[PDB]
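[1] sharing an experimental structure here, sequence included.
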Amino acid sequence: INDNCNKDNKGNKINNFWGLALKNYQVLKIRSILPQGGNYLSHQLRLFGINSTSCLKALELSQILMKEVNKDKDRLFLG
Amino acid sequence: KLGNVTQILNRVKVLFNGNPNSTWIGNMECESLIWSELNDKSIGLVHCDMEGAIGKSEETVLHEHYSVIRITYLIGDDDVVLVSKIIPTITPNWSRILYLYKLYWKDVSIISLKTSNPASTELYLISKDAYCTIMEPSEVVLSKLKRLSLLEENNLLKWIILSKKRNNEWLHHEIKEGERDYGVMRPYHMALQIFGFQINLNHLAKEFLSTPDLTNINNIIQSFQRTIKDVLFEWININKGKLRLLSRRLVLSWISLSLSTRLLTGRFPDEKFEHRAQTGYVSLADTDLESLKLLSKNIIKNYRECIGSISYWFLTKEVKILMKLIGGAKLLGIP
């Protein structure tokens, strides 16, 4: 049932990517072409990570990756 | 958490021969090991999430990025996607990395994530197509690189500022609307729960505030009472280390009490607590103790008047932990 639910969710959220779809102002191409000190206000949304909470960004980039990466080849992770 | 239904544990391989220096990217041993282990198979994407310390100089960062590019050339076949993370710096000579990526990859996309911190210069580069033929030594390539044109520099800086402002506004809107909502979580949080991640509110509370549970408000009340009476008794009994330790204990007790009452009732007992946490410190005075619903007695307040008010400064790790705790209390409780 857990695998079925995972498959259902990942096949259902194709149109809208979990309320995190990127707009046209966030992606740029080099060929085509901070505010107040240091504030950690973005960490209120990081509530599902114990060792490393940086698992929300992978969910955000997953749309672009599954758009343009092959799914039948292995992957390599550095650092 | 999933009970190994997807067999994720069995399909993770580690590149390691036993010798520690075969792991950092800037060494030749790591490249040799990766080439030896992966030259006979095809991989799709190379994800390089370096830590990017402020201590490291620009030369080291460019060296690591060149090493990652060379590794991708060596082992990566066609239709390979290189995902990397960069941290631009206010030092004017910072576009050498962008020139390097342009030189080695024709199709490079720069992305400013909205989930990441909108107050730090963090960007993600996705490179797809490659055209170079000969990978020259690191020294000559590093000496070859030059900065970018001023027009492009200003255009990129303006775009970065605009994207950061938009991301900050979106983050504030999401925080406010999540606090407003009654009892439902955002779709990405539910997706993370379905994938198998675990809520860290109880864990962070346990190993930062030393409170086994946050819903047992009464026990926290008596614990805070004992803590305040003990700290005042020791302070009037009498050096710097003991004062710092007891101040830390008192601040931790107050933070635990505030977290518990916000989680249960639905409102913090100090409207300035959120702003003080955001700027990165916690202040405890006699005024808010008096304004607090009567739990301590007059003698405790009079003894507190000897100290009056204290302000404790957290560092980056404690600020992150406290900020996550506040976010969890906001988004996992009644409005």
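    It's in. Numbers count the residues shown, from 1 in each chain, chains lettered A, B, ... in the order given.

[2] residue of chain B closest to chain A, please.
    residue B:327 (2.7 Å; C-beta to the nearest C-beta). Using the backbone N, CA and C atoms, a C-beta is placed for each residue, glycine as well.

[3] is that residue in a helix, a strand, or coil?
    helix (DSSP: H, G, I helix; E, B strand; the rest coil).

[4] report the contact partners of it.
    With contact taken as C-beta atoms under 8 Å, 6 or more residues apart in numbering or on different chains, residue B:327 is in contact with A:43-47, B:175.

[5] and residue B:204, how close does it get to residue B:178?
    Distance of residue B:204 to residue B:178, computed by C-beta to C-beta, to the nearest Å: 18 Å.

[6] longest helix anywhere in the chain?
    Assuming you mean chain A. Of all segments of type helix in chain A, defined using DSSP state H, the longest is helix A:56-68.

[7] my bad, the chain I had in mind was chain B
    helix B:150-180.

[8] ok, back up a step: just the contacts of residue B:327: which are in helices?
    Here DSSP H is the test, and the contacts of residue B:327 give residue B:175 as lying in helices.

[9] let's see which of the contacts of residue B:327 end up in strands.
    With DSSP state E as the criterion, strands contain none of the contacts of residue B:327.

[10] which one of the contacts of residue B:327 is nearest residue B:246?
    Nearest to residue B:246 among the contacts of residue B:327 is residue A:43, at 28.0 Å by C-beta to C-beta.

[11] contacts for stretch A:22-35 next, please.
    Identification of contacts with stretch A:22-35 by C-beta under 8 Å, 6+ apart yields A:60, A:63-64, B:98, B:101-102, B:106-114, B:118-121, B:152, B:155-156, B:159-166, B:168.

[12] same check, this time on stretch B:31-39
    With contacts defined as C-beta under 8 Å, 6+ apart, stretch B:31-39 is touched by A:76, B:15, B:17, B:22, B:67, B:70-71, B:74-75.

[13] can you check stretch B:94-104 too?
    With C-beta under 8 Å, 6+ apart, stretch B:94-104 has contacts from A:30, B:58, B:61-62, B:65-66, B:69, B:86, B:88, B:108, B:110, B:125, B:127, B:130, B:132, B:141, B:145-148, B:153, B:156.

[14] please put the alpha-carbon coordinates of it into PDB.
    Taking C-alpha atoms only, stretch B:94-104 is exported to PDB below (Å, rounded to 0.1, in the frame of the first residue of the first chain):
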ATOM      1  CA  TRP B  94      33.600  36.000  -9.000                       C
ATOM      2  CA  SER B  95      32.500  35.300 -12.600                       C
ATOM      3  CA  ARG B  96      35.500  33.000 -13.400                       C
ATOM      4  CA  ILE B  97      33.400  30.000 -12.500                       C
ATOM      5  CA  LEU B  98      30.600  31.100 -14.800                       C
ATOM      6  CA  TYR B  99      33.100  31.600 -17.600                       C
ATOM      7  CA  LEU B 100      34.500  28.100 -16.900                       C
ATOM      8  CA  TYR B 101      31.100  26.500 -17.100                       C
ATOM      9  CA  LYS B 102      30.400  28.400 -20.300                       C
ATOM     10  CA  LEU B 103      33.700  27.300 -21.800                       C
ATOM     11  CA  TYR B 104      33.200  23.600 -21.100                       C
END
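
[15] for the residue in chain A that chain B sits nearest to, which non-adjacent residue is spatially closest?
    Closest to chain B within chain A is residue A:44: 2.7 Å, counting by C-beta to the nearest C-beta. Closest residue in space to residue A:44, ignoring its immediate chain neighbours: residue B:327 at 2.7 Å, by C-beta to C-beta, 6 or more residues apart in numbering or on different chains.
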